[PDB]
>>> print(open('work-v8.cif').read())   # mmCIF, C-alpha atoms
data_input
loop_
_atom_site.label_atom_id
_atom_site.label_comp_id
_atom_site.auth_asym_id
_atom_site.auth_seq_id
_atom_site.Cartn_x
_atom_site.Cartn_y
_atom_site.Cartn_z
CA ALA A 1 13.31 -19.19 -9.91
CA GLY A 2 10.64 -17.30 -8.00
CA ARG A 3 7.02 -16.19 -8.12
CA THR A 4 6.26 -13.92 -11.07
CA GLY A 5 2.48 -13.67 -10.86
CA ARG A 6 0.33 -11.72 -8.45
CA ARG A 7 1.06 -12.62 -4.83
CA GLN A 8 -1.64 -13.30 -2.24
CA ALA A 9 -1.28 -11.78 1.20
CA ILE A 10 -1.79 -14.16 4.09
CA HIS A 11 -3.90 -13.01 7.08
CA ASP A 12 -2.50 -15.63 9.48
CA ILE A 13 0.64 -17.52 8.61
CA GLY B 1 29.70 19.20 6.15
CA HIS B 2 27.67 17.79 3.28
CA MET B 3 25.33 20.82 3.25
CA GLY B 4 26.28 24.48 3.19
CA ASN B 5 24.70 27.00 5.55
CA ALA B 6 21.78 27.87 3.24
CA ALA B 7 20.99 24.24 2.36
CA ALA B 8 20.97 23.22 6.03
CA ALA B 9 18.69 26.10 7.06
CA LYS B 10 16.29 25.27 4.23
CA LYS B 11 16.16 21.64 5.39
CA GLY B 12 15.51 22.52 9.05
CA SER B 13 12.68 24.92 8.16
CA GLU B 14 11.33 22.14 5.93
CA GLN B 15 11.32 19.85 8.99
CA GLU B 16 9.41 22.31 11.19
CA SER B 17 6.84 22.56 8.40
CA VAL B 18 6.48 18.77 8.31
CA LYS B 19 5.74 18.81 12.03
CA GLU B 20 3.12 21.50 11.50
CA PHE B 21 1.46 19.57 8.68
CA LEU B 22 1.37 16.32 10.59
CA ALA B 23 -0.11 17.94 13.65
CA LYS B 24 -3.01 19.28 11.57
CA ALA B 25 -3.38 15.94 9.80
CA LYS B 26 -3.71 14.14 13.12
CA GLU B 27 -6.41 16.52 14.31
CA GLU B 28 -8.39 15.89 11.12
CA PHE B 29 -7.87 12.12 11.24
CA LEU B 30 -8.99 11.82 14.85
CA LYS B 31 -12.29 13.58 14.14
CA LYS B 32 -13.19 11.00 11.49
CA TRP B 33 -11.66 8.10 13.42
CA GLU B 34 -13.93 8.65 16.41
CA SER B 35 -17.04 9.23 14.24
CA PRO B 36 -17.11 6.87 11.25
CA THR B 37 -23.94 5.42 2.82
CA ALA B 38 -25.27 3.52 -0.25
CA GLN B 39 -26.94 0.33 -1.52
CA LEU B 40 -26.04 -2.38 -4.02
CA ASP B 41 -28.79 -1.69 -6.54
CA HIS B 42 -27.47 1.89 -6.82
CA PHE B 43 -24.68 0.60 -9.09
CA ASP B 44 -24.34 -1.30 -12.34
CA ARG B 45 -21.56 -3.87 -12.16
CA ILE B 46 -19.26 -3.73 -15.17
CA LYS B 47 -16.10 -5.82 -14.86
CA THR B 48 -13.90 -7.54 -12.30
CA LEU B 49 -10.61 -5.63 -11.86
CA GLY B 50 -8.90 -7.99 -9.45
CA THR B 51 -9.59 -10.88 -7.12
CA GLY B 52 -8.43 -11.80 -3.65
CA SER B 53 -8.95 -13.88 -0.54
CA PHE B 54 -12.54 -12.98 0.17
CA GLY B 55 -13.96 -11.69 -3.11
CA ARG B 56 -13.18 -9.24 -5.84
CA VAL B 57 -12.89 -5.63 -6.85
CA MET B 58 -15.27 -4.60 -9.62
CA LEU B 59 -15.64 -1.57 -11.79
CA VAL B 60 -19.14 -0.28 -11.11
CA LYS B 61 -21.15 2.65 -12.44
CA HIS B 62 -23.39 4.70 -10.17
CA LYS B 63 -26.81 4.73 -11.81
CA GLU B 64 -27.97 8.24 -10.86
CA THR B 65 -24.70 10.15 -11.37
CA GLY B 66 -22.99 7.91 -13.93
CA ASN B 67 -19.72 8.16 -11.98
CA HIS B 68 -17.50 5.12 -12.06
CA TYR B 69 -16.09 3.51 -8.91
CA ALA B 70 -14.11 0.50 -7.75
CA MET B 71 -16.25 -1.72 -5.47
CA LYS B 72 -14.51 -4.18 -3.18
CA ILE B 73 -16.90 -7.04 -2.36
CA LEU B 74 -16.14 -9.30 0.60
CA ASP B 75 -18.11 -12.50 1.12
CA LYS B 76 -18.86 -12.45 4.86
CA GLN B 77 -18.84 -16.28 4.91
CA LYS B 78 -15.33 -16.34 3.45
CA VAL B 79 -14.17 -13.84 6.12
CA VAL B 80 -14.22 -16.64 8.69
CA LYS B 81 -10.94 -16.57 10.67
CA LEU B 82 -10.60 -14.29 13.66
CA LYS B 83 -7.90 -12.06 12.22
CA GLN B 84 -9.65 -11.95 8.83
CA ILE B 85 -12.70 -10.36 10.62
CA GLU B 86 -10.74 -7.81 12.69
CA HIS B 87 -8.69 -6.86 9.65
CA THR B 88 -11.85 -6.08 7.65
CA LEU B 89 -13.06 -3.71 10.35
CA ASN B 90 -9.61 -2.05 10.47
CA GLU B 91 -9.68 -1.52 6.74
CA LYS B 92 -13.03 0.27 6.60
CA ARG B 93 -12.42 2.42 9.65
CA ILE B 94 -8.97 3.54 8.50
CA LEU B 95 -10.02 4.27 4.93
CA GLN B 96 -12.93 6.42 6.00
CA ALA B 97 -10.63 8.51 8.25
CA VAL B 98 -7.46 9.13 6.19
CA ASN B 99 -6.85 11.86 3.63
CA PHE B 100 -3.63 12.05 1.61
CA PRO B 101 -2.92 12.59 -2.10
CA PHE B 102 -1.55 9.08 -2.63
CA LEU B 103 -4.28 7.16 -0.75
CA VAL B 104 -7.40 5.97 -2.52
CA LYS B 105 -10.58 7.79 -1.46
CA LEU B 106 -13.44 5.76 -0.02
CA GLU B 107 -16.83 7.08 -1.16
CA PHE B 108 -19.38 4.61 0.23
CA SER B 109 -19.54 1.51 2.39
CA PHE B 110 -22.45 -0.81 3.16
CA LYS B 111 -23.34 -4.44 3.87
CA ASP B 112 -26.15 -6.90 3.16
CA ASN B 113 -27.06 -10.46 4.14
CA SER B 114 -24.07 -11.94 2.31
CA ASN B 115 -21.39 -9.35 1.62
CA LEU B 116 -19.50 -6.29 2.79
CA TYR B 117 -18.94 -3.48 0.29
CA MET B 118 -16.43 -0.64 0.01
CA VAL B 119 -16.80 1.74 -2.92
CA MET B 120 -13.75 3.79 -3.83
CA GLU B 121 -12.69 6.24 -6.46
CA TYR B 122 -11.82 4.39 -9.67
CA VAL B 123 -8.14 4.69 -10.65
CA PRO B 124 -8.02 3.64 -14.32
CA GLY B 125 -4.30 3.54 -14.99
CA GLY B 126 -3.85 -0.02 -13.70
CA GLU B 127 -1.61 -1.64 -11.08
CA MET B 128 2.08 -0.81 -10.90
CA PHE B 129 2.45 -4.61 -10.92
CA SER B 130 1.41 -5.13 -14.53
CA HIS B 131 3.34 -2.11 -15.89
CA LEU B 132 6.45 -3.37 -14.07
CA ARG B 133 6.07 -6.97 -15.30
CA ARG B 134 5.47 -5.73 -18.85
CA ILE B 135 8.54 -3.44 -19.04
CA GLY B 136 10.79 -5.62 -16.83
CA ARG B 137 12.24 -3.00 -14.53
CA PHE B 138 12.02 0.75 -13.98
CA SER B 139 14.98 3.11 -14.28
CA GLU B 140 16.33 4.46 -11.01
CA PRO B 141 14.79 7.95 -11.59
CA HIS B 142 11.44 6.27 -12.35
CA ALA B 143 11.63 4.00 -9.28
CA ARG B 144 12.67 6.99 -7.17
CA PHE B 145 9.62 9.02 -8.20
CA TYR B 146 7.31 6.22 -7.04
CA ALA B 147 9.38 5.51 -3.92
CA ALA B 148 9.19 9.17 -2.83
CA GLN B 149 5.42 8.93 -2.81
CA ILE B 150 5.50 5.82 -0.63
CA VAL B 151 7.95 7.51 1.78
CA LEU B 152 5.60 10.46 2.20
CA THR B 153 2.57 8.20 2.53
CA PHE B 154 4.24 6.14 5.26
CA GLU B 155 5.38 9.29 7.05
CA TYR B 156 1.73 10.37 7.06
CA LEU B 157 0.33 6.99 8.09
CA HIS B 158 2.96 6.36 10.79
CA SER B 159 2.35 9.80 12.32
CA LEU B 160 -1.26 8.62 12.87
CA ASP B 161 0.06 5.38 14.48
CA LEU B 162 -1.05 3.46 11.40
CA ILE B 163 1.02 0.56 10.04
CA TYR B 164 0.23 -0.45 6.43
CA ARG B 165 1.66 -4.01 6.32
CA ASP B 166 0.99 -4.95 2.68
CA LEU B 167 3.22 -2.81 0.45
CA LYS B 168 3.74 -4.42 -3.00
CA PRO B 169 3.24 -3.35 -6.65
CA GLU B 170 -0.12 -5.16 -6.77
CA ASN B 171 -1.49 -2.60 -4.28
CA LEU B 172 -0.21 0.53 -6.05
CA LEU B 173 -2.45 1.99 -8.72
CA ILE B 174 -1.30 4.57 -11.27
CA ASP B 175 -3.65 7.52 -11.67
CA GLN B 176 -4.29 9.75 -14.67
CA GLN B 177 -1.38 12.06 -13.74
CA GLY B 178 1.03 9.09 -13.35
CA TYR B 179 1.10 9.30 -9.57
CA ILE B 180 0.43 6.45 -7.13
CA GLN B 181 -2.76 5.65 -5.27
CA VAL B 182 -2.36 3.04 -2.53
CA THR B 183 -5.29 0.75 -2.34
CA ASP B 184 -6.24 -2.01 -0.11
CA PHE B 185 -5.99 -1.37 3.56
CA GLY B 186 -6.89 -4.91 4.52
CA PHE B 187 -3.78 -5.32 6.68
CA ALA B 188 -3.52 -1.78 8.01
CA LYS B 189 -3.82 -1.25 11.74
CA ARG B 190 -3.66 1.48 14.34
CA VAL B 191 -0.80 0.40 16.64
CA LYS B 192 0.68 2.54 19.37
CA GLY B 193 3.76 0.36 19.88
CA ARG B 194 3.96 -3.34 19.02
CA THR B 195 1.58 -5.75 17.37
CA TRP B 196 1.75 -9.51 16.91
CA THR B 197 -0.32 -10.76 13.94
CA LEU B 198 1.58 -12.94 11.47
CA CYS B 199 0.30 -11.35 8.26
CA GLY B 200 1.39 -9.84 4.97
CA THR B 201 2.79 -11.07 1.66
CA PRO B 202 5.75 -13.52 1.90
CA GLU B 203 8.25 -11.66 -0.31
CA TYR B 204 7.62 -8.38 1.60
CA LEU B 205 7.66 -9.67 5.20
CA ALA B 206 10.20 -8.24 7.59
CA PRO B 207 12.29 -10.84 9.47
CA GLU B 208 10.73 -9.98 12.81
CA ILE B 209 7.28 -10.90 11.45
CA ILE B 210 8.54 -14.29 10.24
CA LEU B 211 10.25 -14.89 13.59
CA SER B 212 6.97 -14.37 15.55
CA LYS B 213 8.36 -11.33 17.33
CA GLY B 214 6.19 -8.42 18.33
CA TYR B 215 6.89 -5.77 15.77
CA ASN B 216 6.26 -2.13 14.93
CA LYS B 217 5.99 0.35 12.06
CA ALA B 218 9.57 -0.46 10.99
CA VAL B 219 8.18 -3.44 9.08
CA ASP B 220 6.85 -0.89 6.57
CA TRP B 221 10.33 0.52 6.01
CA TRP B 222 11.69 -2.98 5.40
CA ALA B 223 8.91 -3.45 2.87
CA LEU B 224 9.85 -0.17 1.19
CA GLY B 225 13.30 -1.64 0.67
CA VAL B 226 11.77 -4.71 -0.97
CA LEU B 227 9.59 -2.51 -3.18
CA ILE B 228 12.43 -0.25 -4.31
CA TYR B 229 14.57 -3.30 -5.06
CA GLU B 230 11.78 -4.94 -7.08
CA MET B 231 11.00 -1.75 -9.01
CA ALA B 232 14.66 -1.26 -9.94
CA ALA B 233 15.55 -4.94 -10.53
CA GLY B 234 12.29 -6.38 -11.83
CA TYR B 235 12.21 -9.06 -9.14
CA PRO B 236 12.29 -8.84 -5.35
CA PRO B 237 15.41 -9.50 -3.23
CA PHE B 238 14.14 -12.70 -1.56
CA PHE B 239 12.85 -14.73 -4.49
CA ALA B 240 11.89 -18.43 -4.42
CA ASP B 241 9.02 -20.65 -5.56
CA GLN B 242 7.61 -21.50 -2.09
CA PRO B 243 6.92 -19.27 0.94
CA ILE B 244 9.09 -21.37 3.30
CA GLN B 245 12.11 -20.83 1.03
CA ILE B 246 11.37 -17.11 0.87
CA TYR B 247 11.25 -16.91 4.66
CA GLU B 248 14.65 -18.61 5.01
CA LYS B 249 16.25 -16.05 2.67
CA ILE B 250 14.67 -13.11 4.50
CA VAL B 251 15.95 -14.17 7.91
CA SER B 252 19.47 -14.94 6.65
CA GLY B 253 20.50 -11.26 6.49
CA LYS B 254 21.91 -11.69 2.95
CA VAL B 255 21.01 -9.59 -0.08
CA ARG B 256 22.63 -9.54 -3.50
CA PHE B 257 22.15 -6.70 -5.96
CA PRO B 258 22.10 -6.49 -9.78
CA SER B 259 25.30 -5.12 -11.25
CA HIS B 260 23.38 -2.18 -12.72
CA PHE B 261 22.25 -0.85 -9.32
CA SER B 262 24.00 2.40 -8.41
CA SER B 263 26.06 2.39 -5.24
CA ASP B 264 23.73 5.03 -3.76
CA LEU B 265 20.81 2.68 -4.32
CA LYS B 266 22.64 -0.28 -2.77
CA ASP B 267 23.55 1.80 0.27
CA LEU B 268 19.92 2.87 0.80
CA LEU B 269 18.71 -0.71 0.36
CA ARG B 270 21.27 -2.18 2.78
CA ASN B 271 19.97 0.27 5.41
CA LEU B 272 16.26 -0.53 4.75
CA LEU B 273 16.76 -4.30 4.38
CA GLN B 274 18.48 -4.31 7.74
CA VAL B 275 17.61 -7.19 10.05
CA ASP B 276 18.93 -5.32 13.11
CA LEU B 277 16.15 -2.98 14.24
CA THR B 278 18.65 -0.74 16.05
CA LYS B 279 20.16 -0.02 12.61
CA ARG B 280 17.21 0.03 10.20
CA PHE B 281 16.51 3.32 8.49
CA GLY B 282 13.15 4.70 9.41
CA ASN B 283 13.56 3.27 12.90
CA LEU B 284 16.37 5.45 14.26
CA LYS B 285 16.41 8.65 16.26
CA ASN B 286 16.06 10.76 13.09
CA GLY B 287 13.13 8.68 11.86
CA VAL B 288 12.03 9.14 8.27
CA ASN B 289 14.64 11.86 7.71
CA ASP B 290 17.40 9.26 7.41
CA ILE B 291 15.53 8.11 4.32
CA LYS B 292 14.51 11.49 2.93
CA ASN B 293 18.06 12.86 3.32
CA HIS B 294 19.79 9.82 1.82
CA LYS B 295 21.96 10.49 -1.23
CA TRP B 296 19.76 8.36 -3.48
CA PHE B 297 16.99 10.91 -2.86
CA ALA B 298 19.20 13.99 -3.27
CA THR B 299 17.35 15.09 -6.45
CA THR B 300 13.91 14.61 -4.88
CA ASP B 301 11.91 17.73 -4.15
CA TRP B 302 9.77 16.28 -1.37
CA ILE B 303 7.34 19.19 -1.24
CA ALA B 304 6.98 19.19 -5.03
CA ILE B 305 6.14 15.46 -5.01
CA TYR B 306 3.48 16.06 -2.35
CA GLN B 307 2.05 18.94 -4.35
CA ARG B 308 2.15 16.76 -7.50
CA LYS B 309 4.30 19.37 -9.33
CA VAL B 310 6.87 16.83 -10.63
CA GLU B 311 6.52 15.42 -14.14
CA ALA B 312 5.68 11.72 -13.98
CA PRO B 313 7.62 8.93 -15.75
CA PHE B 314 4.57 8.06 -17.74
CA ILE B 315 0.88 8.75 -18.06
CA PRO B 316 -1.34 5.71 -18.62
CA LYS B 317 -3.45 5.74 -21.76
CA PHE B 318 -7.15 6.31 -21.11
CA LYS B 319 -9.95 6.23 -23.67
CA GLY B 320 -12.64 7.73 -21.45
CA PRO B 321 -14.65 7.08 -18.31
CA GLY B 322 -14.93 3.43 -17.38
CA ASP B 323 -11.99 2.34 -19.55
CA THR B 324 -10.60 -0.94 -18.18
CA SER B 325 -7.84 -1.39 -20.80
CA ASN B 326 -5.04 -1.11 -18.20
CA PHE B 327 -6.33 -4.07 -16.14
CA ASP B 328 -6.04 -7.79 -16.68
CA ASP B 329 -9.10 -10.00 -17.17
CA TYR B 330 -10.63 -12.26 -14.51
CA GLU B 331 -13.35 -14.87 -14.39
CA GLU B 332 -16.71 -13.24 -13.66
CA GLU B 333 -18.89 -14.76 -10.93
CA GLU B 334 -22.39 -13.50 -10.19
CA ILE B 335 -23.03 -11.66 -6.92
CA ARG B 336 -25.60 -13.74 -5.01
CA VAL B 337 -27.31 -12.23 -1.96
CA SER B 338 -28.82 -14.78 0.44
CA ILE B 339 -32.33 -14.28 1.81
CA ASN B 340 -30.89 -14.93 5.30
CA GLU B 341 -28.47 -12.59 7.07
CA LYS B 342 -25.05 -14.19 7.50
CA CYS B 343 -22.52 -13.43 10.23
CA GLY B 344 -24.54 -10.46 11.44
CA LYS B 345 -22.95 -10.23 14.89
CA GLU B 346 -19.34 -10.60 13.70
CA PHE B 347 -19.82 -7.51 11.48
CA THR B 348 -22.11 -5.26 13.56
CA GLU B 349 -19.57 -2.40 13.58
CA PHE B 350 -19.16 -2.37 9.77
#
>>> encode(input="work-v8.cif", output="structure tokens")
Amino acid sequence: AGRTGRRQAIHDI
Amino acid sequence: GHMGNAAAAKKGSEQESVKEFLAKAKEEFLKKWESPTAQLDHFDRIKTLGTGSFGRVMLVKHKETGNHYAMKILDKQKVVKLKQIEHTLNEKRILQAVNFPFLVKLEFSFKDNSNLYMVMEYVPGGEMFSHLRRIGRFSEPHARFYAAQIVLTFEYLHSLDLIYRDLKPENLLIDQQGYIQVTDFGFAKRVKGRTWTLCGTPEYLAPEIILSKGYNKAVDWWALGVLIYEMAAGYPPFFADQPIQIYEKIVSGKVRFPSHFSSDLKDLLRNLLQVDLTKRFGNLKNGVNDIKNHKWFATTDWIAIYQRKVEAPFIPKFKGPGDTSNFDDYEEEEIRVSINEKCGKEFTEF
């Protein structure tokens, strides 16, 4: 199981 | 050795020519970098092509010329966090200065009371992402053709001390000749040595980013490994429902491969998806040539890829200018421009 849709980039994790 | 006399000589001459090209490319870049053009009512807005943190990308049509463009709209009041602001200035400045066949071309940029705008050449063939999800996975020759373009693009960018930091299929558009155009430079940065921002997309983050270590351009070569894996497998190598689980897999130093991957592919990927920076391809004394000379790329004519002489795996269908059939649909939200200037000082340089 994992993310199959478009993935958001994170500017500050 | 692996190469005969004539093959080795051809490769060395090829490497002197790369040096010559990159030296001219740096001269041209620096001129535009040191010295970085339209208005909103100059365009009709047609359709949203994608959406992100701070806004959307829309197909627009220039009223006077009728040319179509992709317009990235950023809501200044959503660009609130410190590194969100700096990143937006990076993006515009880098895009206006670069020039490479696989990088989207910026045509205009402007701002108003509410938004920032970047107007780019429209690439109608859609995102690699949706073609990949639709077919499942690409064959190794198909994946290799796209990968070769990313290798050359990163060799170009890195020679300019630019790190890209957001490689993924969502950011790779397919043009009318079936070649790649990299869009979105929202995480790109000019970095002479190390940088420290924790940013990127979870599945594509190098371990040193996750571990809050100062890092360098080798994070792009790690990300290339993730991309090649995902193109050839149909899913990325560190795959889980939540970011924290993804991060744990990345740091572990474990990767498993589908049984259909060739051994040449697995060897390349084990050397890109290498947690030890003293061993990661792209980061060694021979630089990008460890990648370009790897067996998995033995059939790749690097110069012919650059010159766009190689037949592409497929050509997207196109019905005419302004066709959006290769993009997914998104909710449309009206562009509202406030009567009061917002965040004027934070975006003076834009």
>>> closest_residue(input="work-v8.cif", among="B:99, B:115, B:84, B:65", to="chain A", atoms="only C-alpha atoms")
B:84
>>> closest_atom_pairs(input="work-v8.cif", of="chain B", to="chain A", cutoff="8 Å", atoms="all atoms listed in the file", output="JSON lines")
{"residue": "B:52", "atom": "CA", "partner": "A:8", "partner_atom": "CA", "distance": 7.1}
{"residue": "B:53", "atom": "CA", "partner": "A:8", "partner_atom": "CA", "distance": 7.5}
{"residue": "B:83", "atom": "CA", "partner": "A:11", "partner_atom": "CA", "distance": 6.6}
{"residue": "B:84", "atom": "CA", "partner": "A:11", "partner_atom": "CA", "distance": 6.1}
{"residue": "B:129", "atom": "CA", "partner": "A:6", "partner_atom": "CA", "distance": 7.8}
{"residue": "B:166", "atom": "CA", "partner": "A:9", "partner_atom": "CA", "distance": 7.3}
{"residue": "B:170", "atom": "CA", "partner": "A:6", "partner_atom": "CA", "distance": 6.8}
{"residue": "B:187", "atom": "CA", "partner": "A:11", "partner_atom": "CA", "distance": 7.7}
{"residue": "B:197", "atom": "CA", "partner": "A:12", "partner_atom": "CA", "distance": 7.0}
{"residue": "B:198", "atom": "CA", "partner": "A:12", "partner_atom": "CA", "distance": 5.3}
{"residue": "B:199", "atom": "CA", "partner": "A:11", "partner_atom": "CA", "distance": 4.7}
{"residue": "B:200", "atom": "CA", "partner": "A:9", "partner_atom": "CA", "distance": 5.0}
{"residue": "B:201", "atom": "CA", "partner": "A:9", "partner_atom": "CA", "distance": 4.2}
{"residue": "B:202", "atom": "CA", "partner": "A:9", "partner_atom": "CA", "distance": 7.3}
{"residue": "B:235", "atom": "CA", "partner": "A:4", "partner_atom": "CA", "distance": 7.9}
{"residue": "B:239", "atom": "CA", "partner": "A:2", "partner_atom": "CA", "distance": 4.9}
{"residue": "B:240", "atom": "CA", "partner": "A:2", "partner_atom": "CA", "distance": 4.0}
{"residue": "B:241", "atom": "CA", "partner": "A:2", "partner_atom": "CA", "distance": 4.4}
{"residue": "B:242", "atom": "CA", "partner": "A:2", "partner_atom": "CA", "distance": 7.9}
>>> write_last_selection(input="work-v8.cif", atoms="C-alpha atoms", output="CSV table (one decimal), keeping the file's coordinate frame")
chain,number,residue,atom,x,y,z
B,52,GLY,CA,-8.4,-11.8,-3.6
B,53,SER,CA,-9.0,-13.9,-0.5
B,83,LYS,CA,-7.9,-12.1,12.2
B,84,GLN,CA,-9.6,-12.0,8.8
B,129,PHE,CA,2.4,-4.6,-10.9
B,166,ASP,CA,1.0,-5.0,2.7
B,170,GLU,CA,-0.1,-5.2,-6.8
B,187,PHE,CA,-3.8,-5.3,6.7
B,197,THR,CA,-0.3,-10.8,13.9
B,198,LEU,CA,1.6,-12.9,11.5
B,199,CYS,CA,0.3,-11.4,8.3
B,200,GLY,CA,1.4,-9.8,5.0
B,201,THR,CA,2.8,-11.1,1.7
B,202,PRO,CA,5.8,-13.5,1.9
B,235,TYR,CA,12.2,-9.1,-9.1
B,239,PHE,CA,12.8,-14.7,-4.5
B,240,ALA,CA,11.9,-18.4,-4.4
B,241,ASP,CA,9.0,-20.6,-5.6
B,242,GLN,CA,7.6,-21.5,-2.1
>>> atom_distance(input="work-v8.cif", atom1="atom CA of residue B:8", atom2="atom CA of residue B:264")
20.8 Å
>>> residues_around(input="work-v8.cif", residues="stretch 88-90 of chain B", least_positions_apart="6", cutoff="9 Å", atoms="all atoms listed in the file", output="ChimeraX atom specification")
/B:74,79,185-190,347,349-350
>>> resolve_selection(input="work-v8.cif", expression="the PyMOL selection byres ((chain B and resi 279-290) around 12)", output="PyMOL selection string")
chain B and resi 11-12+14-15+18+148+150-159+206-207+215-225+267-278+291-298+302
>>> residues_around(input="work-v8.cif", residues="residue B:322", least_positions_apart="4", cutoff="12 Å", atoms="all atoms listed in the file", output="MDAnalysis selection string")
chainID B and resid 44:47 49 58:62 66:70 121:125 318 326:327
>>> atom_distance(input="work-v8.cif", atom1="atom CA of residue B:112", atom2="atom CA of residue B:127")
28.9 Å
>>> closest_residue(input="work-v8.cif", among="B:213, B:176, B:103, B:28", to="residue B:319", atoms="only C-alpha atoms")
B:176
>>> resolve_selection(input="work-v8.cif", expression="the PyMOL selection byres ((chain B and resi 248) around 12)", output="PDB file with C-alpha atoms, in the coordinates of the input")
ATOM      1  CA  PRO B 202       5.750 -13.520   1.900  1.00  0.00           C
ATOM      2  CA  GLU B 203       8.250 -11.660  -0.310  1.00  0.00           C
ATOM      3  CA  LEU B 205       7.660  -9.670   5.200  1.00  0.00           C
ATOM      4  CA  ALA B 206      10.200  -8.240   7.590  1.00  0.00           C
ATOM      5  CA  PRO B 207      12.290 -10.840   9.470  1.00  0.00           C
ATOM      6  CA  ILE B 210       8.540 -14.290  10.240  1.00  0.00           C
ATOM      7  CA  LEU B 211      10.250 -14.890  13.590  1.00  0.00           C
ATOM      8  CA  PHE B 238      14.140 -12.700  -1.560  1.00  0.00           C
ATOM      9  CA  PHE B 239      12.850 -14.730  -4.490  1.00  0.00           C
ATOM     10  CA  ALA B 240      11.890 -18.430  -4.420  1.00  0.00           C
ATOM     11  CA  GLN B 242       7.610 -21.500  -2.090  1.00  0.00           C
ATOM     12  CA  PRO B 243       6.920 -19.270   0.940  1.00  0.00           C
ATOM     13  CA  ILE B 244       9.090 -21.370   3.300  1.00  0.00           C
ATOM     14  CA  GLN B 245      12.110 -20.830   1.030  1.00  0.00           C
ATOM     15  CA  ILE B 246      11.370 -17.110   0.870  1.00  0.00           C
ATOM     16  CA  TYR B 247      11.250 -16.910   4.660  1.00  0.00           C
ATOM     17  CA  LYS B 249      16.250 -16.050   2.670  1.00  0.00           C
ATOM     18  CA  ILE B 250      14.670 -13.110   4.500  1.00  0.00           C
ATOM     19  CA  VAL B 251      15.950 -14.170   7.910  1.00  0.00           C
ATOM     20  CA  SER B 252      19.470 -14.940   6.650  1.00  0.00           C
ATOM     21  CA  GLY B 253      20.500 -11.260   6.490  1.00  0.00           C
ATOM     22  CA  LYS B 254      21.910 -11.690   2.950  1.00  0.00           C
TER      23      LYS B 254
END
>>> atom_distance(input="work-v8.cif", atom1="atom CA of residue B:101", atom2="atom CA of residue B:27")
17.2 Å
>>> resolve_selection(input="work-v8.cif", expression="the PyMOL selection byres ((chain B and resi 307) around 12)", output="list in words")
residues 100, 101, 102, 149, 152, 179, 301, 302, 303, 304, 305, 306, 308, 309, 310 and 311 of chain B
